[PDB]
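The form deposited in one PDB entry is given below as one chain in structure tokens.
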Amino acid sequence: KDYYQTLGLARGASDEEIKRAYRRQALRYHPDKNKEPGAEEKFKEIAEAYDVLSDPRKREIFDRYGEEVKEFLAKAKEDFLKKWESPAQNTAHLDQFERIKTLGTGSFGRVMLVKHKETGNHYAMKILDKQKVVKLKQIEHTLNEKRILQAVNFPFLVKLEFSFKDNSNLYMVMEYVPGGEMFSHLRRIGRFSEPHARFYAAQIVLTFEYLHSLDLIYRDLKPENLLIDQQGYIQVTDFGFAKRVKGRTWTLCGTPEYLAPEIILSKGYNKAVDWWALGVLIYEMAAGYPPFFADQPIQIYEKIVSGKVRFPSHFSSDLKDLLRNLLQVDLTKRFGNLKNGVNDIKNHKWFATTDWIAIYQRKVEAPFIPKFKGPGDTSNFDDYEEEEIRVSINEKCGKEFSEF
């Protein structure tokens, strides 16, 4: 409950500002003129918001909710920029790892379960072919990916443990999350109850607050890129499209259903497309299907710029309100991109039940803890045809991936 927003003030108002803003806001919800849409509680909310901000000792302890976060992030930025400036390189070698099965393949390259012969531990290893990456004009996205992932550190982001290259491949070794992708469960359980969705969505919300404070845009929020760990919590993978963006940026990339309008249109965009995608994720989670689909992507982009979302009937009224505000086609009105930034999502009626402190601390009861079968289980994961990895006797594209 943010007293500063309830009084429509900024964290640095003066002592007269809170007294007049209290009198300006108490009349706009007075129990005699605007005692209509149940706003007698918005009036009490204003009444309690003055009593705390008027008291310089009550205000000081309240100002320690923001300041704790402001500091938490400051140190996280500093820890990020030290790693950004000196990105780890060649921190392992292929022949340290026993290649087990394949865990997934696709538009990136190949992700296999591996085993470090010595520490006898379990990792995911993503193999990218240098020649195919330069083929897919994805050299700058691949270099980014390793650089943003080795430098970030957050409970809900997968952790890159090692990285290295040989003559024709780029190798990336990260923590092994065994519970499988949220996609496979969301399509087996059919959909998610609104509290279940609220669980995952809050982690995405804290993770986007972290990433955006680092000036990062993630640009691939999708249930196929979220994993569930043994505590039922969320681990994000695929940083193939993540960019460090202090201003605007222009690449149309992502996944058609999840693209914000401004990505599809030729105007630049900001972090705010990550909040749009979050609206798609909460919608697909709570309904079973994404808000905009079609067999041809251009028809998906027609729906996306229409600014028309049909909501399902079992969609709560508070969810319908949060979604109307995340799927706003005008990024100058979209939630997350307004004056109070992410706090508009956090202090929203659909998120009144949720403890952002406790969600961070991994304390909450995860409404679904997947099936555990020991150390190397690939049961929560589809099977794939195995290829053998050839290693050319000539270095390929040594110039393009110097930085890797």
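Quick note: we count residues from 1 along the sequence shown, nothing fancier. Definition used throughout: the rigid core is the maximal C-alpha set that superposes within 1.5 Å between two forms.
Below, we turn to the form deposited in another entry, even though it does not appear here.
For the residue set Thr105, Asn270, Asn153, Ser193, core-aligned C-alpha shifts between the shown form and the other one reach 2 angstroms or more at a single site, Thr105. When the rigid core is held fixed, the Cα atom of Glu181 travels less than 2 angstroms between the shown form and the other one. A displacement of 2 angstroms or greater separates the C-alpha positions of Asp95 between the shown form and the other one, with the rigid core held in common. In this overlay on the rigid core, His116 has a C-alpha that sits 2 Å or more away from its partner position between the shown form and the other one. CA of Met174 to CA of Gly106: closer by 3 Å or more in that other deposited form than in the shown form.
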